[PDB]
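Each residue of the sequence shown is one higher than the one before, counting from 1 in my numbering.
Cβ atoms here follow ideal geometry from the backbone N, Cα and C, with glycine treated the same way.
Since the structure comes first, as structure tokens, the remarks are kept for the end.
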Amino acid sequence: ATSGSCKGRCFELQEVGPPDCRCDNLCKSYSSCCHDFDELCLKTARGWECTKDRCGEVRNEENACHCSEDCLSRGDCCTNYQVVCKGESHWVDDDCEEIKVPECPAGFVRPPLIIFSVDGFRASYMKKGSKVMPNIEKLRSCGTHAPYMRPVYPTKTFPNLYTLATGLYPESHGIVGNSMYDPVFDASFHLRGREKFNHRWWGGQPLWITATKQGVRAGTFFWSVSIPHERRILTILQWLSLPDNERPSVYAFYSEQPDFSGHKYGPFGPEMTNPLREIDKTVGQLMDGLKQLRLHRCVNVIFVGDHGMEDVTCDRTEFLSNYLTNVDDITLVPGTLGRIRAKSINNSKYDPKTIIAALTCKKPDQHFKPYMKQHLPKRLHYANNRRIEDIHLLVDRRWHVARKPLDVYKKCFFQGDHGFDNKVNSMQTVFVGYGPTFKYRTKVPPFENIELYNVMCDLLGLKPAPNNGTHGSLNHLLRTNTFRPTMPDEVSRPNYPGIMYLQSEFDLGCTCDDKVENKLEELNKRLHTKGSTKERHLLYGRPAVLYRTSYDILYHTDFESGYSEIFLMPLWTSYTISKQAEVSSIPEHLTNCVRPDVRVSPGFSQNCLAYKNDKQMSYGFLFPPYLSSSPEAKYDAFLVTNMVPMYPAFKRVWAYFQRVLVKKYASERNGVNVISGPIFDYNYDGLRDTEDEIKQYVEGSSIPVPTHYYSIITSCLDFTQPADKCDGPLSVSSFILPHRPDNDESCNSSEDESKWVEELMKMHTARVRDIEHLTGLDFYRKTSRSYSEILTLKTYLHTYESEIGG
Ligand SMILES: *[C@@H]1O[C@H](CO)[C@@H](O[C@@H]2O[C@H](CO)[C@@H](O[C@@H]3O[C@H](CO[C@H]4O[C@H](CO[C@H]5O[C@H](CO)[C@@H](O)[C@H](O)[C@@H]5O)[C@@H](O)[C@H](O[C@H]5O[C@H](CO)[C@@H](O)[C@H](O)[C@@H]5O[C@H]5O[C@H](CO)[C@@H](O)[C@H](O)[C@@H]5O)[C@@H]4O)[C@@H](O)[C@H](O[C@H]4O[C@H](CO)[C@@H](O)[C@H](O)[C@@H]4O[C@H]4O[C@H](CO)[C@@H](O)[C@H](O)[C@@H]4O)[C@@H]3O)[C@H](O)[C@H]2NC(C)=O)[C@H](O)[C@H]1NC(C)=O
Ligand SMILES: CC(=O)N1CC2(CCN(C(=O)OCc3cc(Cl)cc(Cl)c3)CC2)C1
Ligand SMILES: [Ca+2]
Ligand SMILES: [Cl-]
Ligand SMILES: [Cl-]
Ligand SMILES: [Cl-]
Ligand SMILES: [Zn+2]
């Protein structure tokens, strides 16, 4: 029953309970508004601006906004009221002055936060549309800004807004796409439709709930599509005139532009100039209204986008029908990404192995690449949810995938889309912060949108719920912090074992041709097994082990590890390759050489027989023999304690990285420090496995098989100084390579490794923070750098895209 009234209740903040008619900014979407909502709460009379002739008018209540004398007192002047009627200047026309301290009216307990979020606002608009966006450009240059901000995958609207709100990856918050099916529910979820209003889709704790539970009041985040933008601004400004005990501290505004147009005209279509002018106009309204209320040096404002927009046309559609004969057995979630499942789970027929193989490298020009989800690059964090179908298609920028052509012509009207991989430049979006708490005229490096929840909590005095941000990593945006991060404590201390075992105690089936054996180089190799060159091979301290386990630090002339007695292989192996260092080969008599380590018992060692009896599984080394400093030191690289299991297919990638690329990187960057190691993520949750989760061992052994291998490659940002003597900031790139028994992912893998290997490594680029989650290690513990800067460094991603931003 919707028979009450909205008289003096327009946009009430406390949504009331059915049946009783609602007057809040969501009632439209629940068809439950009172009959007089429109009349009272959605006035349009006389438009949204004052003219010289409306000035000092007699308050007429039918007007959408007022230019009457009493209007400041009522809190419902038009945004431009002071300008037109009281000879004031527009906010944009004022010079910008640093806001060193909040300048808040009596009663404001804390600077309010306003989040101005724009759909489809591609990063490069900040430069390319600069001439038509004066307000936005003032915010950007007077406040703090990034050249761009990286969205989450998929680069769709709901996954990204709800990531902004929660600090979580879509796999965790549960909104994993524009549309989705959940099997435990048995239900679907669509942009259109009323199913999406049910609470059970929505995980984590969004900002407005974090605020509420901690005593801070929030304006709504969700606005109804049919409430125009100018009313939404006026509503925020009304709310800001409420009394202290009722007034919210955090507000959001959403724009459907420029996404809406961009889908029609493409990102840079001529029709795109006017949407950008409109957004800007709206921003101007807000800032003018803030200045009327004397809040313009009090409020923190965040101008943030959800995703970008790419050029995409109907004729750049790949059809599953041209790859499969069995197209009726499947369902496709289509578009800029693909997700395939069985059409009927009635069937023990449908087979995912065959589907994938039918979509792998089938046409030279193929504009997509199929994946089981757990083999997606780990940086996408797109797998740990039952709503993510096992089969995924990653689509080339600028293309679509559809099931069949009737699907595209009976179920070209579009020149723009989005949803691609979140490293793609076109998909990048924007960030500006302006206000007392933000820095002044400061550029910051690009960052990921998962990090903002933490900062908005900080801006508000809130303790963040657990999230996927690294709290501290964005402290450099803020003039005044309020959160001071500290390093997690080491949980397991290492053992420093000495020589305890005689070769004859080892029965590992391991042999080496090494018995061609001086007071000079016997003091020498004692210093190298104690830790003399550890100052050049371990540059930033030993990683801390953040869980309970048993492990040994092993020192060597050329490298230091790392060594786990539970997993029987290193957790980490560290080494430095200076610009001048030279590559050698594995001499022939040493090809099959594996040596027992006399610091480590037989029972905590790998054995060579298990590899002999395992026909799928070979082995490799974490510190490469190829980069030995001397023929004598090269014997160190063959220790059984440096060995790890590697599929032959994977050894081709790994040897190329070790033999060619490490040296190339040391050339380009003037020395690199490398840390490499294994990763175990059998349950694809992005988190280090306990031993009882490992699904594969080297046959007949307790030697677990890694899902991935990582490397972190550090040098000096100022590359005129060498890696092992760097005075200031560091530069890093990292990867997490999937440990696969075939190279089906690389369509040119039958060519020389120089044509396909490095391309794979780039696809599987990672943040040091990703590796931390996956290993339970903590890196960069002893540097000269501030911890904040190090957290920034740990969140960096090297993307391999060309010149990007705004
Ligand atoms: C990114 O960030 C996130 C957030 O930090 C990280 O995700 C977190 O990671 C934790 C470890 O994986 C995980 O802990 C689990 O949680 C189980 C219960 O979790 C429920 O409660 C959560 C809390 O909500 C409350 O929060 C505040 C306090 O913070 C309260 O005041 C409020 O009242 C809140 O209600 C809740 O968020 C969580 O939500 C998920 O599940 C819902 C499903 O209905 C979804 O709606 C929602 O979207 C979430 O979905 C994600 O997470 C689930 C897993 O939780 C996952 O399946 C989905 O794919 C999706 O991705 C829950 O409702 C708890 O029971 C777990 O404990 C088991 O294991 C431990 C091992 O030591 C044992 O001690 C324990 O016995 C137990 O085992 C038992 O169960 C086993 C298997 O089930 C069984 O074999 C065994 O025999 C036992 O019976 C464990 O602690 C967090 O829940 C998770 N949080 C979120 C928000 O996802 C994430 O890892 C980060 N990512 C990276 C890459 O770093
Ligand atoms: C169903 C549909 O087509 N649409 C819902 C839609 C997006 C969500 N809307 C919003 O006001 O959102 C503001 C907002 C900001 C931020 Cl930072 C985070 C969230 Cl979760 C929401 C309402 C309009 C577009
Ligand atoms: Ca795991
Ligand atoms: Cl989707
Ligand atoms: Cl191969
Ligand atoms: Cl363990
Ligand atoms: Zn869109």
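Measuring alpha carbon to alpha carbon, tell me which residue in the options is nearest residue i.
i	options	result
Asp396	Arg150, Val594 and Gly338	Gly338
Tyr547	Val674, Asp689, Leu568 and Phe735	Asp689
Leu207	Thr235, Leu164 and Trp239	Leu164
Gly266	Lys519, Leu622 and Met427	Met427
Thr470	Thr325, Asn449 and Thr480	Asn449
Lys423	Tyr434, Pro446 and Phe623	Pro446
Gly531	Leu568, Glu517 and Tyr575	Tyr575
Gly269	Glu310, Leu234 and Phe253	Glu310
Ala123	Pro570, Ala45 and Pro151	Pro151
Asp558	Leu42, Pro543, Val109 and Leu538	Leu538
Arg767	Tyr710, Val594 and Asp752	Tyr710
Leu320	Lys100, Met272 and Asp407	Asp407
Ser746	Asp724, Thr783, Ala649 and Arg479	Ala649
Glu772	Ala544, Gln238, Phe604 and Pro105	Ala544
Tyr162	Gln14, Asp182, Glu69 and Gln205	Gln205
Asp38	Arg652, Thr641, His381 and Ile227	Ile227
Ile356	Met372, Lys343, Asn346 and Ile586	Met372
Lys343	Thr336, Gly335 and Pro352	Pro352
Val301	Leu139, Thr273 and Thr360	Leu139
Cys608	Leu639, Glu588, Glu582 and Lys663	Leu639
Are the Cβ atoms of residue i and residue j separated by less than 8 Å?
i	j	result
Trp572	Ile675	yes
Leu508	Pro596	yes
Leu797	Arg379	yes
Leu332	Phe368	no
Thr714	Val732	yes
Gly416	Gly305	no
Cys77	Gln292	yes
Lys439	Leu474	no
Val118	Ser224	no
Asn135	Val92	yes
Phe260	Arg232	no
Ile703	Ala610	yes
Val430	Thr144	no
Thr166	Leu462	no
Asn613	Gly686	no
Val600	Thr549	no
Taking 6 Å as the limit between beta carbons, can you name the residues of its chain near residue i, skipping five residues before and five after?
i	result
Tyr647	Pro741
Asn425	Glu801 and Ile804
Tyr251	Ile114, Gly219 and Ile236
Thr591	none
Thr792	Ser473
Using a Cβ-Cβ cutoff of less than 8 Å, which residues in the same chain neighbour residue i once the five nearest sequence positions on both sides are dropped?
i	result
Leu502	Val598
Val299	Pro111, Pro112, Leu113, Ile114, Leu290 and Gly435
With a CB to CB cut of under 7 Å and the five nearest residues on each side skipped, what residues in its chain are close to residue i?
i	result
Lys579	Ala666, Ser667, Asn670, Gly671 and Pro722
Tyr555	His528, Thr529, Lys530, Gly531 and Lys534
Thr44	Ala64
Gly620	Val644, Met646, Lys651 and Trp654
- Contact the region 385 to 405 vs the region 181 to 199: 3+ CB pairs below 8 Å: yes
- Hey, which unbroken runs of the alpha helix (DSSP H) at 4 residues or more fall wholly within the region 644 to 681? 648 to 656 and 662 to 669
- Message: Suppose only complete runs of 3+ residues qualify. What are the beta strand (DSSP E) ranges in the region 530 to 566, listed by chain order?
- Response: Taking only runs of at least 3 residues, the beta strand (DSSP E) segments lying wholly in the region 530 to 566 are 551 to 555 and 560 to 564.
- Task: Could you name each continuous beta strand (DSSP E) segment of 3 residues or more that falls completely within the region 273 to 309, going from the start of the chain to the end?
- Result: 300 to 305
- How about the region 123 to 133 and the region 780 to 796: do they share at least three Cβ pairs that are nearer than 8 Å? no
- Can you list the alpha helix (DSSP H) stretches of 4 or more residues lying completely in the region 334 to 397, in chain order? 352 to 359
- Message: Does the region 19 to 26 come into contact with the region 49 to 65, if we say contact requires no fewer than three beta-carbon pairs (one atom in each stretch) closer than 8 Å?
- Response: no
- Answer yes if the region 274 to 281 comes into contact with the region 356 to 374, meaning at least three C-beta pairs across the two stretches below 8 Å, and no otherwise. Using a C-beta cut-off of 8 Å, the region 356 to 374 makes no contact with the region 274 to 281, since fewer than three inter-stretch Cβ pairs fall below that distance.
- Item | Whole alpha helix (DSSP H) elements within the region 737 to 774, 4-residue minimum | 753 to 763
- Answer yes if the region 153 to 160 comes into contact with the region 451 to 460, meaning at least three C-beta pairs across the two stretches below 8 Å, and no otherwise. By the C-beta criterion, the region 451 to 460 is judged not to be in contact with the region 153 to 160, since fewer than 3 inter-stretch pairs fall below 8 Å.
- Query: Curious, which full-length alpha helix (DSSP H) runs of at least 4 residues does the region 478 to 528 contain?
  - Reply: 520 to 528
- Message: Across the region 749 to 763 and the region 399 to 406, are there enough close Cβ pairs to call them in contact, namely three or more that are closer than 8 Å?
- Response: no
- Task: State whether the region 735 to 749 contacts the region 625 to 635, with contact taken as three or more CB pairs (one from each stretch) at a distance under 8 Å.
- Result: no
- Message: Check whether the region 1 to 13 and the region 194 to 212 touch, using three or more Cβ-Cβ pairs below 8 Å as the test.
- Response: no
- Should the region 477 to 497 be regarded as contacting the region 513 to 522, the criterion being three or more beta carbon pairs within less than 8 Å? Contact fails between the region 477 to 497 and the region 513 to 522, because fewer than three Cβ pairs, one in each stretch, are under 8 Å apart.
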